[PDB]
Each structure stands twice: as C-alpha cells, then as structure tokens.
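Just one chain follows, in the form deposited in one PDB entry, and it is written as structure tokens.
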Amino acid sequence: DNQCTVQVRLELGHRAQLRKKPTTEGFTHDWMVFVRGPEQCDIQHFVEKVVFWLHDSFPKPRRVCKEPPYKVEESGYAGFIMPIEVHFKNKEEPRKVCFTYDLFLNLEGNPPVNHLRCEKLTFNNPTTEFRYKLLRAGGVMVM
C-alpha cells in the first residue's frame, strides 16, 4: 500500500563566447557549464554534490560543487565531452546519475553558445528519508 514514484527535473547547460582577444595562453573562448533546478526548486535538498570532469588538458580536472551554484567557468580553445556526475543525498541506489555533456564552442563568427539540456529523473519507491528531500526540492509524485 506504500508504492510511490517521485520525479525531479535537472537542467544541464553551458554558455561559450569568443574572447574579443585570445588570452596569453592562446585560449580563444570563455565558457561556463552548470547544473541547476527549474525556477523556485532547491535541488540542493537531494543533490549532495556535482562533479564536472574536465578534459585531461585542464589542471585539477575533477571540479566539485558541494552547493549552488553548480558550475565551472573556464577559458579554452576547444570543445570536449564532459562527464557530469550528480550525487544524491540517497542512502540506497541510485546514489548518483552520470551525464555525458557535449561542451561545444562557437567557431568562426557564429553567435555565442547558450544551450540547455532538461533531464527528468524518476525515482521508483525512494526510501522515506530521500523521498522527503526530493519533495523538499519540489519533486512530484506520479500515480
């Protein structure tokens, strides 16, 4: 008599623009990648940390945000595939979800890049504890 499914939403995104002039290092672009909730949700209730796995070419390429904003700001010269791990305040499975984020840059004279990726997470029969956190964050029951 106690089955329940709770949906929460995540937004992954990034912005990238051509620097007026390259940096010293010949970095041509500024970019920013993030994880956030939709308007008026606090994903920090169920998200323990977000880990952004930058290209090997970056120093300390494992970037952790343990609280909002969940984001990395950098300059560089090339797009790459970025693993993003979102770790949950969950005692049981699933403990985290792993995205493969396409961090692409604007070439030539293309406008700046401003992309959003909307992810719907479905938790089947979460524990009492974690269920609270999902709801506190503005998660929704699906019966």
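Residues that one form lacks are left out of the comparison. So that there is no doubt, residue numbering starts at 1 and follows the sequence shown. The term rigid core refers to the maximal set of C-alpha atoms that superpose within 1.5 Å between the two forms.
Missing here is the form deposited in another entry; even so, the following discussion is about that form.
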- Which residue, chosen from 97, 54, 113, 51, moves its CA by 2 Å or more between the shown form and the other one under a rigid core superposition? 113
- Note on the structure: Cα of residue 68 vs residue 111, shift of 3 Å or more in the other entry, relative to this form: the pair sits farther
- Outcome for the Cα pair residue 112, residue 13 in the other entry, compared with this form (closer or farther; change of 3 Å or more): farther
- Task: Send over the list of consecutive residue runs, 3+ long, where the C-alpha shift is 2 angstroms or more at every position between the shown form and the other one on a core fit.
- Result: 106-113
